[PDB]
């Protein structure tokens, strides 16, 4: 559906465009491989929100309303005389943190939805300028956005997120439902969970695979658009 998410951010639109979207900490451009960064949802969600809205450990966090994100912006981005609230389409690169982390979601209060790999430019509907706390209610539409594509998508089911949850191996989550049935190798009661680092590795590789497959979908939509000008008749006469 055409549900939107929202994120206060200090990085302006020109930088977003150069980076090809809203990037996790450490990532320069969206179409970088996942091996660049640590991809771990548990780690992402535990991060302190001091200076920036959570974007560590391979995910970028969003709020579920304009009001939520503005409020968060006034808490966190107190200090920037201008920041922006990015309006963001729902798509299956996006996980509901509280559903996936469940009873172990460290900030259940904040009802955060987080994007694995960051948010590609095409998935950004637009942005509001915030000058000295004052939202300007004139939205700037992003010409890179594709309404027909993203309106057809929703966030990921929690079931798609359990295996990527990213608890350390010794954590009791891997030994309880629902996660036990989605546990990576080496996590939970798989032999040598405490000694092996097999858990944290499979977590990483399952994360990188997910981003790979998702990057393929983005490329296919955007870069097909870019090639829809081709006329074969010109060249064959």
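Numbering follows the first chain given and starts at 1.
In the comparison with other entries of the same protein, residue 190 is left without coordinates in at least one third of those covering both sides of it. In none of the other PDB entries of this protein that model the residues around it does residue 169 lack coordinates, well short of a third. Higher mean CA temperature factor, per the PDB entry, when comparing 160-168 with 103-111: 103-111. If you average the C-alpha B-factors over 124-132 and over 77-85, the higher value belongs to 77-85. Within the listed group 66, 211, 60, 195, the record reports its top CA B-factor for 195.
Annotation for residue 41: C-alpha temperature factor in the lowest third relative to the rest of the modelled chain, per the entry.
Ranked by C-alpha B-factor against the other modelled residues of its chain, residue 15 falls in the middle third. The PDB entry assigns residue 152 a C-alpha temperature factor belonging to the middle third of its chain's modelled residues.
Ranked by Cα temperature factor within the chain, residue 142 sits in the lowest third according to the deposited record.
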